[PDB]
Amino acid sequence: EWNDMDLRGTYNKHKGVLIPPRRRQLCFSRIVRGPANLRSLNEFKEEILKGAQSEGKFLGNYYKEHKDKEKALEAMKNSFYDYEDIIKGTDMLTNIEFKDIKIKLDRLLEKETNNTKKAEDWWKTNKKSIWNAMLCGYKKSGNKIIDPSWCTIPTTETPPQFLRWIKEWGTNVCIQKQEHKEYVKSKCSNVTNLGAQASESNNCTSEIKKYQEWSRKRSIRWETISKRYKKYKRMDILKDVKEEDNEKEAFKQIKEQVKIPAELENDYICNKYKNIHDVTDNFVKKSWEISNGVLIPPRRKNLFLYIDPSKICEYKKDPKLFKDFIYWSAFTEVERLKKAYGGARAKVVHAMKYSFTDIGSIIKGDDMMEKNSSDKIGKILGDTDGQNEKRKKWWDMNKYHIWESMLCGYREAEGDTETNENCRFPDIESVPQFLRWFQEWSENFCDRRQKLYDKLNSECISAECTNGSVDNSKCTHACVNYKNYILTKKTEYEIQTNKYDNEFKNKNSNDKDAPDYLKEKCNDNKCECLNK
């Protein structure tokens, strides 16, 4: 069982270090001490080799318990990586006098004040010695890396000091968390299939509650583990005076798979942007021109997608680079989309939200306004009209990565601005595909609608007109905006009339009526300007 309280009491130094659940049971063959006064130099070298020899015998039988290859390799690397840190470190650990007494005996026996450094060579006199001993035996006893007429793994280079402990700590938490995720997926996997009642779900609900309490205990001490970790990175000691998930909430909270039966009754993430290091046309303030009666989408007319036919063969030869190139295409947006819009928070945030939904629509493979892009996509993948779950989830993870990338850039721009915008993605962007059609149509109505009444004050209604022809023209040329808005309303009526022709009323005409669809779609009085 988890001996956290017992470990804290026995350790007595108040550092929240908890061993994994598997690191409490071992073959009870080690004795506190063997011979009392039988002391000889080379013999106790063999004794620590015997310890290494003992380290060759627990994991030999323990390997058969976890027959999984990935789990076996993880456990074996952890076993042969943890123990060498204490012996190789030659520093203070959670041990009373075991290394201290032997080092005392070493400096007392060999020579005075001139053998400690050579004692370090003792480790390199025996760290490689243990590896060569196992090479003599056959490979049947222990599976290794498959080689021609040979089965061994390459020697692992010793990590630098202060880096080994975090690697041992890091691999420990990952294995435990993946084991418990495997347990939570194994238990209560299917609930909606004849399990809507609370009878059979009780055990898995209790398991989820226990796991949540686990995460609550694990969240608190990690910062304390980070607390001593931050204070132990002292550099330049000689001084005058001593001195995939989104955030941590994913770790504390449970995975969304339990959300179905859950119905009510320091900056390393941004550094990847550095790792992805290594065009403007002014299409937002342009003058709208009528051409063939079809409005040109400003968001889609200047799509940043240029496919080079010279590297089509590399799409079949080395796709793996091109995938990163696809990520580099996202990098184009993080060097193009952010700078183009402006500085106003709300308009810019809705701007790139609409840009991302438009590019996702373009890469949904359902709209066929472009021929070359559709043909190239069919050649590369041969997708279907709308049956692309993998492509949809791919766009979803690109959207999540681009949103996480935008957060660091906007946050880094200012130093004291308040984060009014939500760090995570609101559910409003998760609306269905005809809902995002409705969003695109609705976003162009009440903005300039509200702007229209603002222009009334700026007009010259106070000044009067008399004597036939007007005396001023600057206050009368602005009246063409009403006719332009009427033309926009007419083209929106034409497009919506065309919208009915898409389905043709074969089946599933509409989820609900449009008069209530427009008003109930908004949340907490958000449709005030929409057809008011």
# chains A, B, ... in the order shown; residues from 1 in each chain; ligands from 1
>>> residues_around(residues="residue A:462", least_positions_apart="5", cutoff="12 Å", atoms="only C-alpha atoms", output="compact mmCIF listing (two decimals) with N, CA and C atoms, in the first residue's frame")
# COMPACT_ATOMS: atom_id res chain seq x y z
N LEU A 456 -25.30 58.48 -37.83
CA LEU A 456 -26.38 59.45 -37.84
C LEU A 456 -25.99 60.73 -37.11
N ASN A 457 -25.30 60.60 -35.97
CA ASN A 457 -24.85 61.78 -35.24
C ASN A 457 -23.81 62.56 -36.04
N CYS A 475 -22.13 66.03 -46.55
CA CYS A 475 -23.15 65.45 -45.68
C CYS A 475 -24.20 64.65 -46.44
>>> residues_around(residues="residue A:387", least_positions_apart="4", cutoff="10 Å", atoms="only C-alpha atoms", output="list in words")
residues 364, 365, 366, 383, 391 and 392 of chain A
>>> closest_residue(among="A:45, A:353, A:50, A:231", to="residue A:429", atoms="only C-alpha atoms")
A:353
>>> closest_residue(among="A:223, A:428, A:298, A:209", to="residue A:262", atoms="only C-alpha atoms")
A:209
>>> residues_around(residues="residue A:52", least_positions_apart="6", cutoff="12 Å", atoms="only C-alpha atoms", output="VMD selection string")
chain A and resid 44 to 46 58 to 59 79 to 80 83 to 84 87 123 126 to 131 133 to 134
>>> decode(residues="stretch 192-339 of chain A", atoms="C-alpha atoms", output="PDB file, in the first residue's frame")
ATOM      1  CA  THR A 192     -24.204   4.295 -22.208  1.00  0.00           C
ATOM      2  CA  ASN A 193     -24.947   0.774 -23.520  1.00  0.00           C
ATOM      3  CA  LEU A 194     -27.621  -0.476 -21.101  1.00  0.00           C
ATOM      4  CA  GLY A 195     -25.858   1.168 -18.161  1.00  0.00           C
ATOM      5  CA  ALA A 196     -27.593   4.525 -17.805  1.00  0.00           C
ATOM      6  CA  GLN A 197     -28.734   3.568 -14.298  1.00  0.00           C
ATOM      7  CA  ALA A 198     -26.565   4.178 -11.237  1.00  0.00           C
ATOM      8  CA  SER A 199     -26.336   0.489 -10.262  1.00  0.00           C
ATOM      9  CA  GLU A 200     -23.359  -0.799 -12.251  1.00  0.00           C
ATOM     10  CA  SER A 201     -21.650   2.604 -12.440  1.00  0.00           C
ATOM     11  CA  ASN A 202     -21.101   2.830  -8.674  1.00  0.00           C
ATOM     12  CA  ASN A 203     -17.762   0.989  -8.647  1.00  0.00           C
ATOM     13  CA  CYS A 204     -16.264   3.060 -11.461  1.00  0.00           C
ATOM     14  CA  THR A 205     -17.596   6.275  -9.913  1.00  0.00           C
ATOM     15  CA  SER A 206     -15.823   5.296  -6.686  1.00  0.00           C
ATOM     16  CA  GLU A 207     -12.672   4.579  -8.709  1.00  0.00           C
ATOM     17  CA  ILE A 208     -12.884   8.009 -10.366  1.00  0.00           C
ATOM     18  CA  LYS A 209     -13.367   9.670  -6.972  1.00  0.00           C
ATOM     19  CA  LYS A 210     -10.313   7.837  -5.621  1.00  0.00           C
ATOM     20  CA  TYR A 211      -8.293   8.878  -8.683  1.00  0.00           C
ATOM     21  CA  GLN A 212      -9.386  12.503  -8.241  1.00  0.00           C
ATOM     22  CA  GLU A 213      -8.297  12.407  -4.597  1.00  0.00           C
ATOM     23  CA  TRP A 214      -5.035  10.876  -5.838  1.00  0.00           C
ATOM     24  CA  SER A 215      -4.497  13.805  -8.209  1.00  0.00           C
ATOM     25  CA  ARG A 216      -5.314  16.259  -5.417  1.00  0.00           C
ATOM     26  CA  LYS A 217      -2.604  14.704  -3.242  1.00  0.00           C
ATOM     27  CA  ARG A 218      -0.178  14.523  -6.183  1.00  0.00           C
ATOM     28  CA  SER A 219      -0.747  18.124  -7.287  1.00  0.00           C
ATOM     29  CA  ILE A 220       0.186  19.608  -3.913  1.00  0.00           C
ATOM     30  CA  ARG A 221       3.546  17.935  -3.273  1.00  0.00           C
ATOM     31  CA  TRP A 222       4.871  18.424  -6.822  1.00  0.00           C
ATOM     32  CA  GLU A 223       5.183  22.159  -6.171  1.00  0.00           C
ATOM     33  CA  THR A 224       6.922  21.238  -2.919  1.00  0.00           C
ATOM     34  CA  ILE A 225       9.039  18.897  -5.034  1.00  0.00           C
ATOM     35  CA  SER A 226       9.464  21.920  -7.290  1.00  0.00           C
ATOM     36  CA  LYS A 227      10.085  24.037  -4.182  1.00  0.00           C
ATOM     37  CA  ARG A 228      13.292  22.256  -3.180  1.00  0.00           C
ATOM     38  CA  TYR A 229      14.076  21.798  -6.881  1.00  0.00           C
ATOM     39  CA  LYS A 230      14.032  25.563  -7.482  1.00  0.00           C
ATOM     40  CA  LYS A 231      16.240  26.235  -4.449  1.00  0.00           C
ATOM     41  CA  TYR A 232      18.742  23.522  -5.456  1.00  0.00           C
ATOM     42  CA  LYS A 233      19.659  24.992  -8.880  1.00  0.00           C
ATOM     43  CA  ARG A 234      22.193  27.324  -7.239  1.00  0.00           C
ATOM     44  CA  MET A 235      24.665  28.546  -9.859  1.00  0.00           C
ATOM     45  CA  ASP A 236      27.747  30.633  -9.036  1.00  0.00           C
ATOM     46  CA  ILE A 237      27.776  29.531  -5.407  1.00  0.00           C
ATOM     47  CA  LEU A 238      30.752  31.749  -4.533  1.00  0.00           C
ATOM     48  CA  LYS A 239      29.022  35.046  -3.749  1.00  0.00           C
ATOM     49  CA  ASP A 240      29.095  37.828  -1.175  1.00  0.00           C
ATOM     50  CA  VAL A 241      25.632  36.992   0.213  1.00  0.00           C
ATOM     51  CA  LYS A 242      23.643  33.776  -0.130  1.00  0.00           C
ATOM     52  CA  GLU A 243      20.397  34.054  -2.087  1.00  0.00           C
ATOM     53  CA  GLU A 244      -2.032  15.765 -25.027  1.00  0.00           C
ATOM     54  CA  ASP A 245      -3.024  18.326 -22.385  1.00  0.00           C
ATOM     55  CA  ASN A 246      -3.251  22.115 -22.092  1.00  0.00           C
ATOM     56  CA  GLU A 247      -2.368  23.149 -18.521  1.00  0.00           C
ATOM     57  CA  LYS A 248      -2.076  21.629 -15.048  1.00  0.00           C
ATOM     58  CA  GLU A 249      -5.886  21.440 -14.797  1.00  0.00           C
ATOM     59  CA  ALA A 250      -5.795  18.494 -17.208  1.00  0.00           C
ATOM     60  CA  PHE A 251      -3.591  16.628 -14.722  1.00  0.00           C
ATOM     61  CA  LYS A 252      -5.780  17.441 -11.712  1.00  0.00           C
ATOM     62  CA  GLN A 253      -9.051  16.873 -13.577  1.00  0.00           C
ATOM     63  CA  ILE A 254     -10.205  13.567 -15.040  1.00  0.00           C
ATOM     64  CA  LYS A 255     -10.191  12.752 -18.751  1.00  0.00           C
ATOM     65  CA  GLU A 256     -13.310  13.659 -20.745  1.00  0.00           C
ATOM     66  CA  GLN A 257     -14.145   9.967 -21.322  1.00  0.00           C
ATOM     67  CA  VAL A 258     -15.650   9.888 -17.811  1.00  0.00           C
ATOM     68  CA  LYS A 259     -17.685  13.011 -18.633  1.00  0.00           C
ATOM     69  CA  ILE A 260     -20.371  10.804 -20.213  1.00  0.00           C
ATOM     70  CA  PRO A 261     -21.163   9.055 -16.879  1.00  0.00           C
ATOM     71  CA  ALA A 262     -20.337  12.284 -14.983  1.00  0.00           C
ATOM     72  CA  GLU A 263     -23.660  14.017 -15.688  1.00  0.00           C
ATOM     73  CA  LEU A 264     -25.226  15.842 -12.752  1.00  0.00           C
ATOM     74  CA  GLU A 265     -28.011  14.009 -10.928  1.00  0.00           C
ATOM     75  CA  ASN A 266       8.272  26.964 -16.222  1.00  0.00           C
ATOM     76  CA  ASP A 267       7.499  27.952 -19.827  1.00  0.00           C
ATOM     77  CA  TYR A 268       8.645  24.843 -21.696  1.00  0.00           C
ATOM     78  CA  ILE A 269       5.416  24.631 -23.714  1.00  0.00           C
ATOM     79  CA  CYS A 270       6.124  27.946 -25.458  1.00  0.00           C
ATOM     80  CA  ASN A 271       9.755  26.985 -26.189  1.00  0.00           C
ATOM     81  CA  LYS A 272       8.488  24.598 -28.889  1.00  0.00           C
ATOM     82  CA  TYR A 273       7.515  27.771 -30.761  1.00  0.00           C
ATOM     83  CA  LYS A 274      11.218  28.632 -30.656  1.00  0.00           C
ATOM     84  CA  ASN A 275      11.811  25.116 -31.983  1.00  0.00           C
ATOM     85  CA  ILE A 276       9.464  25.864 -34.904  1.00  0.00           C
ATOM     86  CA  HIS A 277      11.349  28.945 -36.064  1.00  0.00           C
ATOM     87  CA  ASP A 278      12.844  28.426 -39.526  1.00  0.00           C
ATOM     88  CA  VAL A 279       3.173  38.065 -47.790  1.00  0.00           C
ATOM     89  CA  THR A 280       0.828  40.810 -46.617  1.00  0.00           C
ATOM     90  CA  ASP A 281      -1.706  41.919 -49.226  1.00  0.00           C
ATOM     91  CA  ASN A 282      -3.973  44.336 -47.283  1.00  0.00           C
ATOM     92  CA  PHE A 283      -7.215  42.434 -47.891  1.00  0.00           C
ATOM     93  CA  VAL A 284      -9.100  43.778 -44.857  1.00  0.00           C
ATOM     94  CA  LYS A 285      -9.461  47.480 -45.798  1.00  0.00           C
ATOM     95  CA  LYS A 286      -9.912  46.854 -49.531  1.00  0.00           C
ATOM     96  CA  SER A 287     -12.707  48.316 -51.656  1.00  0.00           C
ATOM     97  CA  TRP A 288     -15.508  45.847 -52.356  1.00  0.00           C
ATOM     98  CA  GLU A 289     -16.281  45.344 -56.052  1.00  0.00           C
ATOM     99  CA  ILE A 290     -19.296  43.622 -57.591  1.00  0.00           C
ATOM    100  CA  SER A 291     -18.379  40.838 -60.022  1.00  0.00           C
ATOM    101  CA  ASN A 292     -20.850  38.251 -61.390  1.00  0.00           C
ATOM    102  CA  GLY A 293     -23.195  38.702 -58.415  1.00  0.00           C
ATOM    103  CA  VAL A 294     -21.159  36.396 -56.144  1.00  0.00           C
ATOM    104  CA  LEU A 295     -19.548  37.950 -53.078  1.00  0.00           C
ATOM    105  CA  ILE A 296     -15.865  37.061 -52.719  1.00  0.00           C
ATOM    106  CA  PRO A 297     -14.998  35.736 -49.237  1.00  0.00           C
ATOM    107  CA  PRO A 298     -12.226  37.995 -47.901  1.00  0.00           C
ATOM    108  CA  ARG A 299     -11.132  35.281 -45.462  1.00  0.00           C
ATOM    109  CA  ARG A 300     -10.897  32.572 -48.140  1.00  0.00           C
ATOM    110  CA  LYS A 301      -9.913  34.556 -51.253  1.00  0.00           C
ATOM    111  CA  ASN A 302      -6.319  34.928 -49.982  1.00  0.00           C
ATOM    112  CA  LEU A 303      -5.791  31.445 -48.534  1.00  0.00           C
ATOM    113  CA  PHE A 304      -2.162  30.733 -47.617  1.00  0.00           C
ATOM    114  CA  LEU A 305      -1.844  27.375 -49.377  1.00  0.00           C
ATOM    115  CA  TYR A 306       0.790  26.950 -52.104  1.00  0.00           C
ATOM    116  CA  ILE A 307       1.575  23.360 -53.100  1.00  0.00           C
ATOM    117  CA  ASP A 308       4.734  22.788 -55.137  1.00  0.00           C
ATOM    118  CA  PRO A 309       4.410  19.976 -57.725  1.00  0.00           C
ATOM    119  CA  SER A 310       8.206  19.526 -57.731  1.00  0.00           C
ATOM    120  CA  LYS A 311       8.055  17.725 -54.354  1.00  0.00           C
ATOM    121  CA  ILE A 312       5.046  15.476 -55.006  1.00  0.00           C
ATOM    122  CA  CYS A 313       7.359  12.449 -55.124  1.00  0.00           C
ATOM    123  CA  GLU A 314       8.600  13.286 -51.619  1.00  0.00           C
ATOM    124  CA  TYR A 315       4.994  12.951 -50.415  1.00  0.00           C
ATOM    125  CA  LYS A 316       5.308   9.223 -51.180  1.00  0.00           C
ATOM    126  CA  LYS A 317       9.042   8.832 -50.466  1.00  0.00           C
ATOM    127  CA  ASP A 318       9.548  10.798 -47.213  1.00  0.00           C
ATOM    128  CA  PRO A 319       6.155  11.923 -45.863  1.00  0.00           C
ATOM    129  CA  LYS A 320       7.566  12.352 -42.341  1.00  0.00           C
ATOM    130  CA  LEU A 321       9.423  15.568 -43.175  1.00  0.00           C
ATOM    131  CA  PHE A 322       6.379  16.960 -45.004  1.00  0.00           C
ATOM    132  CA  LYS A 323       4.261  16.433 -41.878  1.00  0.00           C
ATOM    133  CA  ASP A 324       6.584  18.855 -40.095  1.00  0.00           C
ATOM    134  CA  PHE A 325       6.255  20.994 -43.226  1.00  0.00           C
ATOM    135  CA  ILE A 326       2.512  20.913 -42.529  1.00  0.00           C
ATOM    136  CA  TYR A 327       3.374  22.148 -39.041  1.00  0.00           C
ATOM    137  CA  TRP A 328       5.598  24.711 -40.754  1.00  0.00           C
ATOM    138  CA  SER A 329       2.511  25.724 -42.734  1.00  0.00           C
ATOM    139  CA  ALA A 330       0.902  26.435 -39.363  1.00  0.00           C
ATOM    140  CA  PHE A 331       4.089  28.379 -38.599  1.00  0.00           C
ATOM    141  CA  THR A 332       3.238  30.553 -41.616  1.00  0.00           C
ATOM    142  CA  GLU A 333       0.045  31.591 -39.831  1.00  0.00           C
ATOM    143  CA  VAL A 334       2.021  32.363 -36.669  1.00  0.00           C
ATOM    144  CA  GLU A 335       4.135  34.700 -38.798  1.00  0.00           C
ATOM    145  CA  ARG A 336       1.224  36.004 -40.909  1.00  0.00           C
ATOM    146  CA  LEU A 337      -2.177  35.940 -39.203  1.00  0.00           C
ATOM    147  CA  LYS A 338      -1.278  37.580 -35.880  1.00  0.00           C
ATOM    148  CA  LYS A 339       0.332  40.748 -37.253  1.00  0.00           C
TER     149      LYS A 339
END
